[PDB]
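Below is the file work_33.txt, which contains compact mmCIF, C-alpha atoms.
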# COMPACT_ATOMS: atom_id res chain seq x y z
CA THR A 87 -2.20 -12.79 -1.88
CA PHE A 88 0.79 -13.07 0.41
CA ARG A 89 2.69 -16.21 -0.47
CA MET A 90 6.35 -17.01 -0.22
CA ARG A 91 8.57 -20.08 -0.16
CA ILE A 92 11.64 -20.54 1.97
CA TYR A 93 14.30 -23.18 1.38
CA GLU A 94 16.65 -25.12 3.56
CA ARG A 95 19.45 -24.58 1.07
CA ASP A 96 20.79 -21.93 -1.30
CA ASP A 97 19.44 -21.56 -4.82
CA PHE A 98 16.06 -23.01 -4.07
CA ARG A 99 17.45 -26.41 -3.12
CA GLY A 100 16.27 -28.55 -0.22
CA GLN A 101 12.92 -28.95 1.49
CA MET A 102 10.48 -26.10 0.88
CA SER A 103 8.00 -24.47 3.27
CA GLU A 104 5.29 -22.18 1.94
CA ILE A 105 4.25 -19.27 4.21
CA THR A 106 0.99 -17.38 3.77
CA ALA A 107 0.63 -15.56 7.09
CA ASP A 108 2.80 -13.65 9.54
CA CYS A 109 5.10 -15.82 11.60
CA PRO A 110 6.31 -14.52 15.03
CA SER A 111 8.70 -17.42 15.32
CA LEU A 112 10.19 -19.39 12.45
CA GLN A 113 11.92 -21.82 14.82
CA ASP A 114 8.80 -22.74 16.74
CA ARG A 115 6.57 -23.17 13.71
CA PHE A 116 8.87 -24.45 10.97
CA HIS A 117 11.83 -25.53 13.10
CA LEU A 118 14.01 -23.34 10.93
CA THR A 119 16.74 -21.18 12.35
CA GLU A 120 18.29 -20.11 9.00
CA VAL A 121 16.66 -19.50 5.63
CA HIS A 122 19.19 -19.87 2.80
CA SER A 123 16.97 -18.97 -0.14
CA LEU A 124 13.51 -17.62 -0.68
CA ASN A 125 11.03 -16.78 -3.41
CA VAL A 126 8.41 -14.06 -2.76
CA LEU A 127 5.50 -14.95 -4.98
CA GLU A 128 2.88 -12.44 -3.78
CA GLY A 129 3.13 -9.24 -1.74
CA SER A 130 5.86 -7.43 0.18
CA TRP A 131 7.08 -8.80 3.52
CA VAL A 132 9.63 -7.66 6.10
CA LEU A 133 12.11 -10.22 7.30
CA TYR A 134 13.32 -9.82 10.92
CA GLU A 135 16.60 -11.01 12.29
CA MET A 136 14.94 -11.85 15.62
CA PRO A 137 11.69 -13.48 16.80
CA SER A 138 8.55 -11.51 17.48
CA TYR A 139 9.46 -8.84 14.94
CA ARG A 140 12.72 -7.55 16.51
CA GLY A 141 16.28 -6.79 15.32
CA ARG A 142 17.55 -5.72 11.89
CA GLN A 143 14.81 -5.53 9.27
CA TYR A 144 14.95 -6.27 5.53
CA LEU A 145 12.17 -5.47 3.06
CA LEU A 146 11.15 -8.28 0.67
CA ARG A 147 9.39 -7.41 -2.59
CA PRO A 148 8.14 -10.00 -5.13
CA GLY A 149 11.04 -11.72 -6.83
CA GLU A 150 13.70 -14.38 -6.37
CA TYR A 151 16.37 -14.32 -3.64
CA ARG A 152 18.74 -17.32 -4.01
CA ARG A 153 21.16 -16.39 -1.26
CA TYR A 154 20.92 -14.31 1.95
CA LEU A 155 23.14 -11.62 0.40
CA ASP A 156 20.33 -10.83 -1.98
CA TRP A 157 18.04 -9.39 0.61
CA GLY A 158 21.06 -7.60 2.08
CA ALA A 159 21.43 -9.62 5.24
CA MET A 160 24.79 -10.21 6.88
CA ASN A 161 23.98 -13.83 7.81
CA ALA A 162 21.33 -16.41 6.88
CA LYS A 163 19.52 -16.08 10.23
CA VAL A 164 15.91 -14.93 10.48
CA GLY A 165 13.49 -15.06 13.36
CA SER A 166 10.18 -13.75 12.10
CA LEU A 167 8.38 -12.82 8.89
CA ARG A 168 5.61 -10.25 8.61
CA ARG A 169 3.33 -9.17 5.74
CA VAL A 170 3.17 -5.52 4.83
CA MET A 171 -0.47 -4.48 4.78
CA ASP A 172 -1.10 -1.67 7.32
CA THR B 87 -3.04 7.22 -1.16
CA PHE B 88 0.39 7.46 0.52
CA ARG B 89 1.16 10.37 2.76
CA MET B 90 3.34 11.44 5.63
CA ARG B 91 4.54 14.50 7.47
CA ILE B 92 8.19 14.88 8.38
CA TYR B 93 9.57 17.16 11.09
CA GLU B 94 13.19 17.96 11.90
CA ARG B 95 12.10 18.38 15.53
CA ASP B 96 10.72 15.96 18.12
CA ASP B 97 7.08 15.53 18.99
CA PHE B 98 5.71 17.10 15.81
CA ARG B 99 7.14 20.52 16.71
CA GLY B 100 8.05 23.10 14.13
CA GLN B 101 8.41 23.01 10.37
CA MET B 102 6.54 20.24 8.59
CA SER B 103 7.00 18.67 5.16
CA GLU B 104 4.46 16.36 3.53
CA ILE B 105 5.29 13.68 0.98
CA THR B 106 3.17 11.44 -1.24
CA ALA B 107 5.90 9.99 -3.47
CA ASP B 108 9.20 8.20 -2.98
CA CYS B 109 12.31 10.21 -2.12
CA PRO B 110 15.87 8.93 -2.97
CA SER B 111 17.45 11.70 -0.92
CA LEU B 112 15.90 13.79 1.82
CA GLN B 113 18.99 15.97 1.77
CA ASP B 114 18.12 17.05 -1.76
CA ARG B 115 14.37 17.35 -1.43
CA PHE B 116 14.23 19.07 1.94
CA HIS B 117 17.81 19.85 2.97
CA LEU B 118 17.34 17.27 5.73
CA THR B 119 19.94 14.80 7.06
CA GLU B 120 18.06 13.90 10.28
CA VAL B 121 14.32 13.45 10.81
CA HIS B 122 13.19 13.55 14.46
CA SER B 123 9.47 12.83 14.28
CA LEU B 124 6.93 11.84 11.67
CA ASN B 125 3.26 11.06 11.22
CA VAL B 126 2.45 8.39 8.61
CA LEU B 127 -1.07 9.23 7.57
CA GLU B 128 -1.50 6.74 4.74
CA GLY B 129 0.38 3.76 3.35
CA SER B 130 3.28 1.73 4.66
CA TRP B 131 6.77 3.05 3.97
CA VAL B 132 10.35 1.88 4.47
CA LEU B 133 12.75 4.50 5.84
CA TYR B 134 16.42 3.95 4.94
CA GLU B 135 19.47 5.07 6.89
CA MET B 136 21.25 6.21 3.72
CA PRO B 137 20.25 7.74 0.35
CA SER B 138 19.13 5.76 -2.64
CA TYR B 139 17.50 3.21 -0.36
CA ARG B 140 20.66 1.84 1.25
CA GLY B 141 21.69 1.16 4.90
CA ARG B 142 19.56 -0.04 7.90
CA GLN B 143 15.85 -0.36 7.04
CA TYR B 144 12.89 0.47 9.28
CA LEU B 145 9.26 -0.25 8.35
CA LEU B 146 6.73 2.52 9.07
CA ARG B 147 3.03 1.59 9.00
CA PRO B 148 0.26 4.19 9.44
CA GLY B 149 0.68 5.88 12.84
CA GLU B 150 2.53 8.51 14.88
CA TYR B 151 6.26 8.34 15.59
CA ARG B 152 7.01 11.21 17.93
CA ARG B 153 10.73 10.36 18.13
CA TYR B 154 13.26 8.21 16.35
CA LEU B 155 13.19 5.48 18.98
CA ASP B 156 9.57 4.83 17.98
CA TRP B 157 10.51 3.29 14.59
CA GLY B 158 13.37 1.35 16.15
CA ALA B 159 16.38 3.39 15.12
CA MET B 160 19.29 4.24 17.37
CA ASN B 161 19.79 7.65 15.73
CA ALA B 162 17.80 10.20 13.73
CA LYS B 163 19.79 9.70 10.54
CA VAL B 164 17.55 9.06 7.58
CA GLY B 165 18.47 9.25 3.91
CA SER B 166 15.52 8.02 1.85
CA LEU B 167 11.85 6.98 2.08
CA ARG B 168 9.96 4.56 -0.14
CA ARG B 169 6.35 3.50 -0.41
CA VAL B 170 5.74 -0.22 -0.04
CA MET B 171 3.98 -1.29 -3.23
CA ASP B 172 5.68 -4.12 -5.20
Step by step, read the file and then write its structure as structure tokens.
Amino acid sequence: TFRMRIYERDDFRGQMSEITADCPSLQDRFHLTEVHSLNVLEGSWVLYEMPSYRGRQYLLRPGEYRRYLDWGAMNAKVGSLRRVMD
Amino acid sequence: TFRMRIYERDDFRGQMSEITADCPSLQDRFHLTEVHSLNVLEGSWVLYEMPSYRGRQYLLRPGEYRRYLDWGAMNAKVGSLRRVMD
């Protein structure tokens, strides 16, 4: 019950990648260096600007985010994703 | 099952305030503009730089943060606190 989908393009367009675990490095695993849209289907996650959980943080609660501005980021870059459990 | 203690001073010194609910403004609730140390007993919370959950965000999971540097901030400014639920 931690499931989200990230897209190559804005508004849920482009290839999709479903993430169900923490990811210390989006570039190494998914070869993504920018997430343009995302849909948080289950659970809250924290999106990090840099790899290994570093840099500006942005909380992600269940819902749709069709553009990086929606999660309050200044750019579409993201280095790691983490699930909020404890 | 959410709970934390907030101190205006470093290393858990001095006056302590306990919270179990969200708080849009720490200035209003406790006449606080800066928090210098905290102990997150239960739950995961997001601490915001400014009131009404706005500004830089910093995730706090159960644990002891004896000084602001410990939750990644570059200053002790904190405006609101929210429990990570949904």
Problem - For residue 121 of chain A: contacts at 8 Å, only C-alpha atoms, fewer than 3 positions along chain excluded, given as a PyMOL selection string - result: chain A and resi 92-95+118+124+154+162-164
Handout entry: Residue with smallest distance to chain B - pool A:114, A:128, A:135, A:150, counting only C-alpha atoms
Key = A:128
Distance table requested - chain A against chain B, cut-off 10 Å, only C-alpha atoms: one row per qualifying residue with the closest atom pair and its distance in Å to one decimal, ordered by chain and rising residue number, as CSV.
residue,atom,partner,partner_atom,distance
A:128,CA,B:172,CA,8.9
A:129,CA,B:172,CA,6.7
A:130,CA,B:172,CA,6.3
A:131,CA,B:170,CA,9.4
A:132,CA,B:145,CA,7.8
A:140,CA,B:158,CA,8.9
A:141,CA,B:158,CA,8.7
A:142,CA,B:142,CA,7.2
A:143,CA,B:143,CA,5.7
A:144,CA,B:143,CA,6.2
A:145,CA,B:143,CA,7.4
A:146,CA,B:172,CA,9.0
A:147,CA,B:172,CA,5.6
A:148,CA,B:172,CA,6.4
A:149,CA,B:172,CA,9.4
A:158,CA,B:141,CA,9.2
A:170,CA,B:130,CA,7.3
A:171,CA,B:130,CA,7.3
A:172,CA,B:147,CA,5.5
I need the chosen residues saved as a compact mmCIF listing (two decimals), keeping the file's coordinate frame, with C-alpha atoms.
# COMPACT_ATOMS: atom_id res chain seq x y z
CA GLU A 128 2.88 -12.44 -3.78
CA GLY A 129 3.13 -9.24 -1.74
CA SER A 130 5.86 -7.43 0.18
CA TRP A 131 7.08 -8.80 3.52
CA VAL A 132 9.63 -7.66 6.10
CA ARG A 140 12.72 -7.55 16.51
CA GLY A 141 16.28 -6.79 15.32
CA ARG A 142 17.55 -5.72 11.89
CA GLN A 143 14.81 -5.53 9.27
CA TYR A 144 14.95 -6.27 5.53
CA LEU A 145 12.17 -5.47 3.06
CA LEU A 146 11.15 -8.28 0.67
CA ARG A 147 9.39 -7.41 -2.59
CA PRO A 148 8.14 -10.00 -5.13
CA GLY A 149 11.04 -11.72 -6.83
CA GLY A 158 21.06 -7.60 2.08
CA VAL A 170 3.17 -5.52 4.83
CA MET A 171 -0.47 -4.48 4.78
CA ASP A 172 -1.10 -1.67 7.32
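The space between atom CA of residue 102 of chain B and atom CA of residue 153 of chain B spans 14.4 Å.
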Handout entry: Pick from A:133, A:91, A:104, A:116 nearest to residue 169 of chain A, counting all atoms listed in the file
Key =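 Between A:133, A:91, A:104, A:116, the residue approaching residue 169 of chain A most closely is A:133.
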Handout entry: Residue neighbourhood residue 117 of chain A, 12 Å, only C-alpha atoms, exclusion window fewer than 4 positions, as a ChimeraX atom specification
Key = /A:94,103,109,111-113,121,164-166
Handout entry: Distance in Å - atom CA of residue 97 of chain B versus atom CA of residue 122 of chain B
Key =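 Atom CA of residue 97 of chain B sits 7.9 Å away from atom CA of residue 122 of chain B.
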Could you work out an axis-aligned bounding box for all listed atoms of segment 116-124 of chain A, with 4 Å added on each of the six sides, and give its centre and edge lengths in Å to one decimal, as lines of an AutoDock Vina configuration file?
center_x = 14.0
center_y = -21.6
center_z = 6.2
size_x = 18.3
size_y = 15.9
size_z = 21.8
Problem - Gap from atom CA of residue 125 of chain B to atom CA of residue 137 of chain B - Å, one decimal - result: 20.4 Å
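Minimum atom-to-atom distance to residue 89 of chain A, evaluated using only C-alpha atoms, belongs to A:106 out of A:161, A:138, A:101, A:106.
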